[PDB]
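The chain that follows stands alone, in the form deposited in one PDB entry, written as structure tokens.
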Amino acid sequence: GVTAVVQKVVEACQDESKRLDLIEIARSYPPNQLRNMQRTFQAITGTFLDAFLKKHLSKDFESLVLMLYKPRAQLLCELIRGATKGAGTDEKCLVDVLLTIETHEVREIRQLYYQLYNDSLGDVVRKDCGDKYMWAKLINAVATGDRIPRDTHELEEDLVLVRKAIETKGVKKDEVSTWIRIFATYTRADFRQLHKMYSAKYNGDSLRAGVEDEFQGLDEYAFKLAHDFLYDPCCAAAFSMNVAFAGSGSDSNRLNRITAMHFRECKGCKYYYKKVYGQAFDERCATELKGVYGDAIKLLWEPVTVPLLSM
């Protein structure tokens, strides 16, 4: 069982033609079993998995594999820690993580974060990001708040308010609260309703297009990402992946975290990617990424269409 999977990992790193077995293993078993296998690797081989991978894999691919063999909640906490520990802040990482997880998952990681690091997740995020930028107000609200159901009347009121905000150039002082309340505190069901209500009321205008009008820079990415996550997580994954493939080269740290966080749940990513961007995901990946790393990203995002195996 586990001993067999360990030997498959060993062989994958010793024969270049078998490197993707590491990815097949990630796709074939639940995260808790992958973590068990990682723990068992050390016991069996006398070498820690990360030390072994380092000898055989490039940094991008090693980092990806390590992210895959972790339980989700652990991965999320480690990403937030990585983005905040020391001198700088990786603001993009904090946005990618906090805005694309369910409210129950935020609750779970607040507690796990404290257990791992003896720090408050909300407090570390606020200390590092401040609360001036709209993207910062948004992730702070998400980090410490809840998403609670609302009635149609409240949605009608907020609809008028968000339209007002969309119509004015720049985020006005009276508009800050509208944007944060909707994007940080709406449930998925209510946000989907509001999205459709906006199109219904404003002659087919788009709420996401209004986000684009209102915001720029990381604010714009953050509110688009929150929009897409609430509306359809598969669209959010496609959006984040498109941005990560962005421009001259590609953002491998971002590619890794978006892929590791979302590949298992967001099976429609490739479909929405083509629907929205016109180009097949695999074709963009082929252009942007060479070698085994590109093959791994393509494979992880290929929908698994069969039951998982067990160790």
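The term rigid core refers to the most C-alpha atoms you can superpose between the two forms while keeping them within 1.5 Å. A residue's number is simply how far along the shown sequence it sits, counting from 1.
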Take the C-alpha B-factors listed in the entry for 81-89 and for 106-114, compute each mean, and give the stretch with the larger one. 81-89
Between 13-21 and 294-302, which has the larger average Cα B-factor in the PDB entry? 13-21
Looking at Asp123, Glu220, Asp146, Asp228, which has the highest CA B-factor as recorded? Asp146
Name the residue from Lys137, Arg208, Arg181, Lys173 with the greatest C-alpha temperature factor listed in the entry. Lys173
Based on the deposited C-alpha B factors for this chain, I'd like to know if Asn242 is in the lowest, middle or highest third. middle
State the tercile, meaning the lowest, middle or highest third, of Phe281 with respect to the CA B-factors recorded for its chain. middle
Would you please rank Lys127 by its C-alpha temperature factor against the other modelled residues of its chain and give the third it falls in: lowest, middle or highest? middle
Split the chain's modelled residues into thirds by Cα B-factor; is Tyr271 in the lowest, middle or highest one? lowest
Can you tell me whether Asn203 has a C-alpha B-factor in the lowest, middle or highest third compared with the other modelled residues of the same chain? highest
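Here the subject shifts to the form deposited in another entry, a form of this protein not shown in this document.
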Which of these moves by 2 angstroms or more at the C-alpha between this form and the one not shown, core superposed: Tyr272, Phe41, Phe281, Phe263? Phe41
Answer yes if the Cα of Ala246 shifts by 2 angstroms or more between this form and the one not shown on a rigid-core superposition, and no otherwise. no
Threshold 2 Å Cα movement between this form and the one not shown for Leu68, core superposed: no
Under a superposition restricted to the rigid core, does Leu53 display a Cα displacement of 2 angstroms or more between this form and the one not shown? yes
